[PDB]
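Student: Following this line is upload.txt, made up of compact mmCIF, C-alpha atoms and all ligand atoms:
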# COMPACT_ATOMS: atom_id res chain seq x y z
CA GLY A 1 -63.99 -15.02 21.58
CA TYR A 2 -64.26 -18.63 20.43
CA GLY A 3 -65.52 -19.53 23.87
CA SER A 4 -65.22 -23.25 24.43
CA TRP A 5 -62.84 -23.58 21.41
CA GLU A 6 -60.15 -21.40 22.96
CA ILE A 7 -57.25 -23.70 23.83
CA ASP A 8 -54.67 -22.98 26.60
CA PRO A 9 -51.30 -23.40 24.87
CA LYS A 10 -49.91 -24.66 28.22
CA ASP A 11 -51.82 -27.96 27.88
CA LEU A 12 -49.79 -28.85 24.78
CA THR A 13 -46.60 -30.82 24.25
CA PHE A 14 -44.77 -30.81 20.92
CA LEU A 15 -43.15 -34.07 19.82
CA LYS A 16 -42.60 -34.66 16.08
CA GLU A 17 -42.64 -32.40 13.03
CA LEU A 18 -45.14 -33.75 10.46
CA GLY A 19 -44.82 -31.18 7.66
CA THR A 20 -43.59 -27.71 6.93
CA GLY A 21 -44.05 -25.04 4.30
CA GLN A 22 -43.39 -21.41 3.48
CA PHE A 23 -46.59 -20.38 5.26
CA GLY A 24 -46.86 -22.78 8.24
CA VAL A 25 -45.96 -25.94 10.19
CA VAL A 26 -47.77 -29.05 11.46
CA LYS A 27 -46.35 -30.84 14.49
CA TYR A 28 -47.60 -34.01 16.23
CA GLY A 29 -48.33 -33.53 19.94
CA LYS A 30 -50.20 -34.30 23.19
CA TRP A 31 -52.93 -32.14 24.70
CA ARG A 32 -53.42 -32.45 28.49
CA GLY A 33 -51.00 -35.41 28.44
CA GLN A 34 -53.86 -37.57 27.19
CA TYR A 35 -55.03 -37.04 23.60
CA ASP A 36 -53.13 -37.23 20.32
CA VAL A 37 -53.29 -34.04 18.28
CA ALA A 38 -51.91 -32.42 15.23
CA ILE A 39 -50.92 -28.84 15.85
CA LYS A 40 -51.01 -26.52 12.90
CA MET A 41 -49.13 -23.22 13.35
CA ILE A 42 -49.37 -20.18 11.00
CA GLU A 43 -53.94 -14.88 8.81
CA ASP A 44 -57.57 -13.64 8.83
CA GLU A 45 -58.64 -16.13 6.17
CA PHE A 46 -56.97 -18.95 8.20
CA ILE A 47 -59.28 -18.05 11.09
CA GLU A 48 -62.42 -17.86 8.91
CA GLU A 49 -61.60 -21.46 7.88
CA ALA A 50 -61.39 -22.52 11.52
CA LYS A 51 -64.85 -21.02 12.18
CA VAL A 52 -66.14 -23.15 9.34
CA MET A 53 -64.58 -26.26 10.89
CA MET A 54 -66.32 -25.27 14.13
CA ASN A 55 -69.69 -25.82 12.45
CA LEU A 56 -68.84 -29.21 10.88
CA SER A 57 -68.62 -32.37 12.96
CA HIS A 58 -68.73 -35.88 11.56
CA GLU A 59 -67.21 -39.27 12.38
CA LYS A 60 -65.42 -39.28 9.00
CA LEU A 61 -64.17 -35.67 9.00
CA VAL A 62 -60.91 -34.58 10.68
CA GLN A 63 -62.18 -32.95 13.91
CA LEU A 64 -61.10 -29.55 15.23
CA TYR A 65 -60.19 -29.64 19.00
CA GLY A 66 -59.63 -25.93 19.53
CA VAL A 67 -57.67 -22.81 18.64
CA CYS A 68 -55.11 -20.47 20.29
CA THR A 69 -55.85 -16.94 19.06
CA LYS A 70 -53.98 -14.83 21.67
CA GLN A 71 -50.29 -15.50 21.08
CA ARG A 72 -48.48 -15.35 17.71
CA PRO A 73 -48.09 -17.69 15.92
CA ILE A 74 -51.76 -18.73 16.07
CA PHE A 75 -52.52 -22.49 16.46
CA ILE A 76 -55.13 -24.89 15.28
CA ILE A 77 -55.38 -28.22 17.03
CA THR A 78 -57.11 -31.15 15.25
CA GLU A 79 -57.45 -34.89 15.80
CA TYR A 80 -54.37 -36.93 15.03
CA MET A 81 -54.36 -39.38 12.14
CA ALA A 82 -51.57 -41.84 12.84
CA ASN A 83 -51.31 -43.40 9.33
CA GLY A 84 -50.95 -40.05 7.63
CA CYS A 85 -51.87 -39.17 4.07
CA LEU A 86 -54.28 -41.46 2.25
CA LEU A 87 -52.41 -40.98 -1.01
CA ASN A 88 -49.14 -42.16 0.63
CA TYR A 89 -50.94 -44.91 2.57
CA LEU A 90 -52.37 -46.31 -0.64
CA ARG A 91 -48.79 -46.41 -2.15
CA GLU A 92 -47.36 -48.64 0.55
CA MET A 93 -47.31 -52.06 -1.13
CA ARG A 94 -46.56 -53.57 2.33
CA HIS A 95 -50.19 -53.03 3.42
CA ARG A 96 -51.26 -55.60 0.87
CA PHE A 97 -54.84 -54.38 0.69
CA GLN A 98 -57.81 -56.55 -0.06
CA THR A 99 -60.60 -55.15 -2.17
CA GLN A 100 -62.89 -55.13 0.87
CA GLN A 101 -60.56 -52.65 2.63
CA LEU A 102 -60.61 -50.42 -0.49
CA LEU A 103 -64.40 -50.23 -0.61
CA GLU A 104 -64.48 -49.45 3.11
CA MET A 105 -62.13 -46.53 2.38
CA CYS A 106 -64.62 -45.45 -0.30
CA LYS A 107 -67.54 -45.74 2.15
CA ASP A 108 -65.67 -43.62 4.77
CA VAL A 109 -65.12 -40.70 2.37
CA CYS A 110 -68.58 -41.18 1.00
CA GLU A 111 -70.18 -40.85 4.47
CA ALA A 112 -68.09 -37.71 4.97
CA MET A 113 -69.28 -36.26 1.72
CA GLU A 114 -72.94 -36.96 2.36
CA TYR A 115 -72.77 -34.96 5.63
CA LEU A 116 -71.15 -32.07 3.75
CA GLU A 117 -73.69 -32.34 1.02
CA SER A 118 -76.47 -32.29 3.71
CA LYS A 119 -74.86 -29.08 5.05
CA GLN A 120 -74.79 -27.59 1.55
CA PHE A 121 -71.02 -27.31 2.01
CA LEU A 122 -69.00 -27.79 -1.20
CA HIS A 123 -65.50 -29.18 -0.76
CA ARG A 124 -63.75 -28.26 -4.06
CA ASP A 125 -60.58 -30.33 -3.45
CA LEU A 126 -61.67 -33.84 -2.62
CA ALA A 127 -58.81 -36.09 -3.52
CA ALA A 128 -56.63 -38.75 -1.88
CA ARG A 129 -53.95 -36.15 -1.05
CA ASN A 130 -56.63 -34.39 1.08
CA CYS A 131 -57.70 -37.41 3.14
CA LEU A 132 -56.02 -38.93 6.20
CA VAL A 133 -56.04 -42.39 7.81
CA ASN A 134 -56.01 -42.99 11.57
CA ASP A 135 -54.30 -45.72 13.62
CA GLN A 136 -57.20 -48.07 12.77
CA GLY A 137 -57.29 -47.71 8.95
CA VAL A 138 -60.41 -45.52 9.11
CA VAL A 139 -60.33 -42.74 6.47
CA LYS A 140 -61.42 -39.15 7.11
CA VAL A 141 -61.69 -36.09 4.91
CA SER A 142 -59.98 -32.85 5.70
CA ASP A 143 -62.70 -30.13 5.46
CA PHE A 144 -60.08 -27.88 3.85
CA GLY A 145 -57.03 -28.85 1.78
CA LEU A 146 -54.10 -29.93 3.98
CA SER A 147 -51.80 -27.79 1.82
CA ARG A 148 -53.62 -24.65 2.97
CA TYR A 149 -51.41 -22.26 4.98
CA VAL A 150 -48.56 -24.79 5.02
CA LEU A 151 -47.16 -24.82 1.44
CA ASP A 152 -49.49 -22.47 -0.48
CA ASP A 153 -51.52 -19.25 -0.08
CA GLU A 154 -55.31 -18.88 0.09
CA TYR A 155 -54.38 -17.16 -3.21
CA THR A 156 -52.25 -20.09 -4.52
CA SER A 157 -53.69 -23.43 -3.26
CA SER A 158 -56.21 -24.30 -6.01
CA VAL A 159 -55.40 -21.40 -8.40
CA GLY A 160 -53.59 -21.68 -11.74
CA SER A 161 -50.61 -24.06 -11.81
CA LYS A 162 -51.87 -25.69 -8.57
CA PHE A 163 -55.41 -26.29 -9.85
CA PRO A 164 -56.92 -29.84 -9.33
CA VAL A 165 -57.44 -30.54 -13.07
CA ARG A 166 -57.42 -34.31 -12.73
CA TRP A 167 -60.22 -34.22 -10.08
CA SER A 168 -62.44 -31.81 -12.22
CA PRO A 169 -65.56 -32.15 -14.44
CA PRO A 170 -65.69 -30.58 -17.94
CA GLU A 171 -67.94 -27.70 -16.77
CA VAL A 172 -65.27 -26.63 -14.25
CA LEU A 173 -62.34 -26.87 -16.65
CA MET A 174 -64.14 -24.88 -19.33
CA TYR A 175 -66.56 -22.58 -17.44
CA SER A 176 -65.55 -22.47 -13.79
CA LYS A 177 -68.95 -24.13 -13.02
CA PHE A 178 -68.75 -25.43 -9.39
CA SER A 179 -71.65 -27.15 -7.66
CA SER A 180 -72.27 -30.26 -5.63
CA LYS A 181 -72.01 -32.19 -8.94
CA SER A 182 -68.29 -31.26 -9.19
CA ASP A 183 -67.64 -32.79 -5.73
CA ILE A 184 -69.47 -35.93 -7.09
CA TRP A 185 -67.08 -36.01 -10.09
CA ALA A 186 -64.00 -35.79 -7.82
CA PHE A 187 -65.26 -38.47 -5.44
CA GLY A 188 -65.44 -40.65 -8.53
CA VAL A 189 -61.78 -39.85 -9.34
CA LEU A 190 -60.77 -40.51 -5.75
CA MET A 191 -62.46 -43.95 -5.96
CA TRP A 192 -60.29 -44.62 -8.95
CA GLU A 193 -57.29 -43.46 -6.90
CA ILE A 194 -58.13 -45.98 -4.21
CA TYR A 195 -58.76 -48.94 -6.53
CA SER A 196 -55.52 -48.22 -8.39
CA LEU A 197 -53.45 -47.99 -5.19
CA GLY A 198 -52.57 -44.29 -5.56
CA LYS A 199 -51.82 -44.02 -9.27
CA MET A 200 -52.08 -40.49 -10.61
CA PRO A 201 -55.30 -40.20 -12.64
CA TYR A 202 -54.50 -39.88 -16.38
CA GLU A 203 -51.01 -40.96 -15.33
CA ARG A 204 -49.57 -40.64 -18.86
CA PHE A 205 -50.92 -37.12 -19.60
CA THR A 206 -50.38 -33.47 -18.72
CA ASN A 207 -53.04 -31.28 -17.10
CA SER A 208 -53.71 -29.71 -20.57
CA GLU A 209 -54.01 -33.09 -22.28
CA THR A 210 -56.27 -34.27 -19.46
CA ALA A 211 -58.41 -31.12 -19.98
CA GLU A 212 -58.78 -31.80 -23.76
CA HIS A 213 -59.39 -35.52 -23.34
CA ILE A 214 -62.05 -35.06 -20.61
CA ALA A 215 -63.84 -32.53 -22.84
CA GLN A 216 -63.92 -35.21 -25.55
CA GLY A 217 -65.61 -37.65 -23.19
CA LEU A 218 -62.48 -39.72 -22.43
CA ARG A 219 -62.80 -41.43 -19.06
CA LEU A 220 -60.55 -43.23 -16.62
CA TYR A 221 -60.22 -46.97 -17.09
CA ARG A 222 -61.50 -49.51 -14.62
CA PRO A 223 -58.63 -50.36 -12.28
CA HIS A 224 -57.80 -54.06 -12.20
CA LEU A 225 -58.87 -54.46 -8.56
CA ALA A 226 -62.23 -52.79 -9.37
CA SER A 227 -65.19 -55.15 -10.14
CA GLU A 228 -67.81 -54.09 -12.78
CA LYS A 229 -70.28 -53.23 -10.00
CA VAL A 230 -67.67 -51.04 -8.31
CA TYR A 231 -66.61 -49.36 -11.57
CA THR A 232 -70.22 -48.66 -12.46
CA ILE A 233 -70.33 -46.58 -9.31
CA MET A 234 -67.33 -44.29 -10.03
CA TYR A 235 -68.21 -44.09 -13.69
CA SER A 236 -71.74 -42.89 -12.75
CA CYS A 237 -69.85 -39.92 -11.28
CA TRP A 238 -68.41 -38.89 -14.65
CA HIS A 239 -71.54 -38.32 -16.67
CA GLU A 240 -70.88 -35.33 -18.94
CA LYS A 241 -74.26 -33.84 -17.91
CA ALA A 242 -73.88 -32.73 -14.30
CA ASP A 243 -77.53 -33.35 -13.21
CA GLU A 244 -77.25 -36.92 -14.41
CA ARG A 245 -74.66 -37.63 -11.71
CA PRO A 246 -75.90 -39.24 -8.45
CA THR A 247 -76.05 -37.54 -5.04
CA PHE A 248 -73.89 -38.77 -2.11
CA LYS A 249 -77.06 -40.20 -0.56
CA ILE A 250 -77.49 -42.38 -3.68
CA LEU A 251 -73.80 -43.39 -3.99
CA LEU A 252 -73.40 -44.41 -0.37
CA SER A 253 -76.43 -46.67 -0.78
CA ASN A 254 -74.73 -47.97 -3.93
CA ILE A 255 -71.46 -48.62 -2.08
CA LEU A 256 -73.31 -50.36 0.77
CA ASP A 257 -75.06 -52.59 -1.83
CA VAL A 258 -71.79 -53.68 -3.53
CA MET A 259 -70.31 -54.34 -0.11
CA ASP A 260 -73.15 -56.74 0.76
CA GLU A 261 -72.79 -58.53 -2.60
CA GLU A 262 -69.02 -58.88 -2.79
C1 LIG B 1 -47.47 -40.04 10.80
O1 LIG B 1 -47.07 -39.26 9.65
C2 LIG B 1 -48.05 -38.38 9.24
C3 LIG B 1 -49.15 -38.09 10.06
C4 LIG B 1 -50.14 -37.20 9.66
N1 LIG B 1 -51.21 -36.98 10.53
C5 LIG B 1 -52.00 -35.84 10.60
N2 LIG B 1 -53.08 -35.89 11.36
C6 LIG B 1 -53.87 -34.82 11.47
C7 LIG B 1 -53.57 -33.67 10.76
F1 LIG B 1 -54.35 -32.55 10.82
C8 LIG B 1 -52.42 -33.66 9.96
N3 LIG B 1 -52.12 -32.50 9.27
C9 LIG B 1 -51.02 -32.28 8.46
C10 LIG B 1 -49.85 -33.02 8.62
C11 LIG B 1 -48.78 -32.73 7.80
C12 LIG B 1 -48.90 -31.71 6.84
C13 LIG B 1 -50.11 -31.00 6.75
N4 LIG B 1 -51.12 -31.30 7.56
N5 LIG B 1 -50.23 -29.97 5.80
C14 LIG B 1 -49.29 -29.89 4.80
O2 LIG B 1 -49.37 -29.02 3.94
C15 LIG B 1 -48.18 -30.93 4.75
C16 LIG B 1 -48.66 -32.06 3.83
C17 LIG B 1 -46.86 -30.40 4.15
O3 LIG B 1 -47.84 -31.44 6.04
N6 LIG B 1 -51.66 -34.75 9.92
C18 LIG B 1 -50.05 -36.59 8.41
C19 LIG B 1 -48.96 -36.85 7.58
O4 LIG B 1 -48.81 -36.26 6.36
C20 LIG B 1 -50.05 -35.69 5.91
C21 LIG B 1 -47.96 -37.74 7.99
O5 LIG B 1 -46.92 -37.97 7.13
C22 LIG B 1 -45.94 -36.93 7.28
Just give me the structure of the file as structure tokens.
Tutor:
Amino acid sequence: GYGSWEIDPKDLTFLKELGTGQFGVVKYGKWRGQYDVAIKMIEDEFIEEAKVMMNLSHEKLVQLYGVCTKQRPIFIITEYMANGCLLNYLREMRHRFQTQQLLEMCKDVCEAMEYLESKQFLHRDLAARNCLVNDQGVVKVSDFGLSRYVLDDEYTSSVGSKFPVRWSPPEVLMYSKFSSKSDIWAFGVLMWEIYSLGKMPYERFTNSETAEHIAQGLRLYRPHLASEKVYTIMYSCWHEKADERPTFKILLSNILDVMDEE
């Protein structure tokens, strides 16, 4: 059993649909009439991913509340993030963000990633599409890709035509070399995403052309809203030599520094 994670489906109310795919559905709801939750309905892999989430718990990670593993379809119940997808949130020109708010959003993710790093857990799809924002503009990482078991397979999300090329270091594109230094690279690219208000990295290129140009040491430009100090930080993430890239411990201390200066 999952002991204290086993949720009684009776304590749930369904209210709004949030998203829907071939493989699953996420609905907004209430649990014991009190707390806001997202309810993700779907198999064995999906459960192995929930067990993972059971062992990860951080202020800036989307928290698992419980599971219902006794009726089909099986449920996962997580915390509810009222301002939705960070990518989409960034694209709303009506928010009229100040640089300070952008760096805070970098700090949030960064704190998340340092926990994961300290747990020797490698994320593999850190991007703006995979973060969420709560009612209070606080940003939180989804341990696993949101897409997983909604739109794509465990076989299809992050394989082939759905591979996160734009968030990937040269060693991954050429050699399938994953390590904590690839998560560092992608954090960098996500910083760029934030400072550019949700522009697609290498916005004028294909995945192939991005793969060639990365391999030739082409990098993303400093977004207008990004100061030199801030750009230095995300750039430091794209060193061609993986071991030359900072840790998340280092970077967070870098982000805190900028934040005190600016
Ligand atoms: C208030 O409006 C919105 C709220 C949320 N909040 C929220 N909080 C916690 C969650 F675990 C959560 N999960 C979730 C939701 C939807 C999904 C998926 N996951 N997965 C998917 O493959 C697609 C992406 C298909 O649909 N959403 C998300 C929104 O989109 C992410 C949104 O805009 C619809």
Student: Using only C-alpha atoms, which residues sit within 10 Å of stretch 212-214 of chain A once same-chain residues fewer than 5 positions away are excluded, as a PyMOL selection string?
Tutor: chain A and resi 165-166+168-170+173-174+202+205-207+219-220+238+240
Student: Taking into account all atoms listed in the file, which residue in the set A:102, A:47, A:146, A:52 is nearest to ligand LIG 1 (chain B)?
Tutor: A:146
Student: Using all atoms listed in the file, determine which residues fall within 9 Å of ligand LIG 1 (chain B), then list them as an MDAnalysis selection string.
Tutor: chainID A and resid 16:21 24:28 37:40 62:64 76:86 88 129:134 142 145:152
Student: Put a box with edges along x, y and z around all the listed atoms of stretch 211-223 of chain A, pad it by 5 Å on each side, then give me its centre and sizes in Å, one decimal, as JSON.
Tutor:
{"center_x": -62.0, "center_y": -40.7, "center_z": -18.9, "size_x": 17.2, "size_y": 29.2, "size_z": 23.3}
Student: Near residue A:247, counting all atoms listed in the file, which residues have an atom at most 10 Å away, once you skip same-chain residues fewer than 2 positions from it, shown as a list in words?
Tutor: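 In the requested format, the answer is residues 113, 114, 117, 180, 181, 183, 184, 237, 243, 244, 245, 249, 250, 251 and 252 of chain A.
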Student: Taking the point (-52.4, -21.5, 17.6) as given in the file, collect each protein or nucleic acid residue that comes within 10 Å of it, counting all atoms listed in the file, and present the set as a list in words.
Tutor: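 Selection result: residues 6, 7, 8, 9, 39, 40, 41, 42, 66, 67, 68, 69, 70, 71, 72, 73, 74, 75, 76 and 77 of chain A.
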Student: Compare A:159, A:194, A:109, A:93 by their minimum atom-to-atom distance to residue A:141, counting only C-alpha atoms, and give me the closest one.
Tutor: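 Of all the options, A:109 lies closest to residue A:141.
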Student: Please output stretch 90-112 of chain A, rebuilt to include N, CA and C atoms, as a PDB file, in the frame of the given file.
Tutor:
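Done, and the output landed in result_19.pdb:
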ATOM      1  N   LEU A  90     -52.091 -45.495   0.533  1.00  0.00           N
ATOM      2  CA  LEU A  90     -52.370 -46.310  -0.640  1.00  0.00           C
ATOM      3  C   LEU A  90     -51.097 -46.866  -1.354  1.00  0.00           C
ATOM      4  N   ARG A  91     -50.035 -46.056  -1.442  1.00  0.00           N
ATOM      5  CA  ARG A  91     -48.790 -46.410  -2.150  1.00  0.00           C
ATOM      6  C   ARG A  91     -47.847 -47.409  -1.472  1.00  0.00           C
ATOM      7  N   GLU A  92     -48.100 -47.658  -0.192  1.00  0.00           N
ATOM      8  CA  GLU A  92     -47.360 -48.640   0.550  1.00  0.00           C
ATOM      9  C   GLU A  92     -47.852 -50.057   0.230  1.00  0.00           C
ATOM     10  N   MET A  93     -47.102 -50.683  -0.678  1.00  0.00           N
ATOM     11  CA  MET A  93     -47.310 -52.060  -1.130  1.00  0.00           C
ATOM     12  C   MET A  93     -47.265 -53.081   0.028  1.00  0.00           C
ATOM     13  N   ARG A  94     -46.695 -52.687   1.171  1.00  0.00           N
ATOM     14  CA  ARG A  94     -46.560 -53.570   2.330  1.00  0.00           C
ATOM     15  C   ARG A  94     -47.900 -53.779   3.089  1.00  0.00           C
ATOM     16  N   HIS A  95     -48.879 -52.926   2.793  1.00  0.00           N
ATOM     17  CA  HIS A  95     -50.190 -53.030   3.420  1.00  0.00           C
ATOM     18  C   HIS A  95     -50.964 -54.187   2.846  1.00  0.00           C
ATOM     19  N   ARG A  96     -50.673 -54.472   1.588  1.00  0.00           N
ATOM     20  CA  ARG A  96     -51.260 -55.600   0.870  1.00  0.00           C
ATOM     21  C   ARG A  96     -52.769 -55.595   1.106  1.00  0.00           C
ATOM     22  N   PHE A  97     -53.429 -54.618   0.479  1.00  0.00           N
ATOM     23  CA  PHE A  97     -54.840 -54.380   0.690  1.00  0.00           C
ATOM     24  C   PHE A  97     -55.676 -55.393  -0.048  1.00  0.00           C
ATOM     25  N   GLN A  98     -56.775 -55.784   0.584  1.00  0.00           N
ATOM     26  CA  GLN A  98     -57.810 -56.550  -0.060  1.00  0.00           C
ATOM     27  C   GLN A  98     -58.907 -55.620  -0.508  1.00  0.00           C
ATOM     28  N   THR A  99     -59.528 -55.955  -1.623  1.00  0.00           N
ATOM     29  CA  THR A  99     -60.600 -55.150  -2.170  1.00  0.00           C
ATOM     30  C   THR A  99     -61.584 -54.649  -1.108  1.00  0.00           C
ATOM     31  N   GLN A 100     -61.948 -55.516  -0.168  1.00  0.00           N
ATOM     32  CA  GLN A 100     -62.890 -55.130   0.870  1.00  0.00           C
ATOM     33  C   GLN A 100     -62.421 -53.876   1.579  1.00  0.00           C
ATOM     34  N   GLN A 101     -61.137 -53.815   1.942  1.00  0.00           N
ATOM     35  CA  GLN A 101     -60.560 -52.650   2.630  1.00  0.00           C
ATOM     36  C   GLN A 101     -60.636 -51.378   1.762  1.00  0.00           C
ATOM     37  N   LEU A 102     -60.518 -51.538   0.439  1.00  0.00           N
ATOM     38  CA  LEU A 102     -60.610 -50.420  -0.490  1.00  0.00           C
ATOM     39  C   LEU A 102     -61.993 -49.813  -0.516  1.00  0.00           C
ATOM     40  N   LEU A 103     -63.013 -50.675  -0.571  1.00  0.00           N
ATOM     41  CA  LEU A 103     -64.400 -50.230  -0.610  1.00  0.00           C
ATOM     42  C   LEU A 103     -64.776 -49.536   0.701  1.00  0.00           C
ATOM     43  N   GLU A 104     -64.367 -50.126   1.817  1.00  0.00           N
ATOM     44  CA  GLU A 104     -64.480 -49.450   3.110  1.00  0.00           C
ATOM     45  C   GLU A 104     -63.909 -48.042   3.117  1.00  0.00           C
ATOM     46  N   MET A 105     -62.713 -47.867   2.541  1.00  0.00           N
ATOM     47  CA  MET A 105     -62.130 -46.530   2.380  1.00  0.00           C
ATOM     48  C   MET A 105     -62.982 -45.672   1.479  1.00  0.00           C
ATOM     49  N   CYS A 106     -63.709 -46.260   0.525  1.00  0.00           N
ATOM     50  CA  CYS A 106     -64.620 -45.450  -0.300  1.00  0.00           C
ATOM     51  C   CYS A 106     -65.841 -45.040   0.514  1.00  0.00           C
ATOM     52  N   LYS A 107     -66.430 -45.994   1.231  1.00  0.00           N
ATOM     53  CA  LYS A 107     -67.540 -45.740   2.150  1.00  0.00           C
ATOM     54  C   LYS A 107     -67.263 -44.651   3.195  1.00  0.00           C
ATOM     55  N   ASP A 108     -66.058 -44.631   3.767  1.00  0.00           N
ATOM     56  CA  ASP A 108     -65.670 -43.620   4.770  1.00  0.00           C
ATOM     57  C   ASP A 108     -65.794 -42.210   4.203  1.00  0.00           C
ATOM     58  N   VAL A 109     -65.087 -41.957   3.085  1.00  0.00           N
ATOM     59  CA  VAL A 109     -65.120 -40.700   2.370  1.00  0.00           C
ATOM     60  C   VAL A 109     -66.548 -40.393   1.997  1.00  0.00           C
ATOM     61  N   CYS A 110     -67.230 -41.405   1.489  1.00  0.00           N
ATOM     62  CA  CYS A 110     -68.580 -41.180   1.000  1.00  0.00           C
ATOM     63  C   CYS A 110     -69.516 -40.655   2.113  1.00  0.00           C
ATOM     64  N   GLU A 111     -69.464 -41.312   3.277  1.00  0.00           N
ATOM     65  CA  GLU A 111     -70.180 -40.850   4.470  1.00  0.00           C
ATOM     66  C   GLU A 111     -69.838 -39.409   4.828  1.00  0.00           C
ATOM     67  N   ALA A 112     -68.540 -39.073   4.729  1.00  0.00           N
ATOM     68  CA  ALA A 112     -68.090 -37.710   4.970  1.00  0.00           C
ATOM     69  C   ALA A 112     -68.820 -36.811   4.023  1.00  0.00           C
TER      70      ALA A 112
END
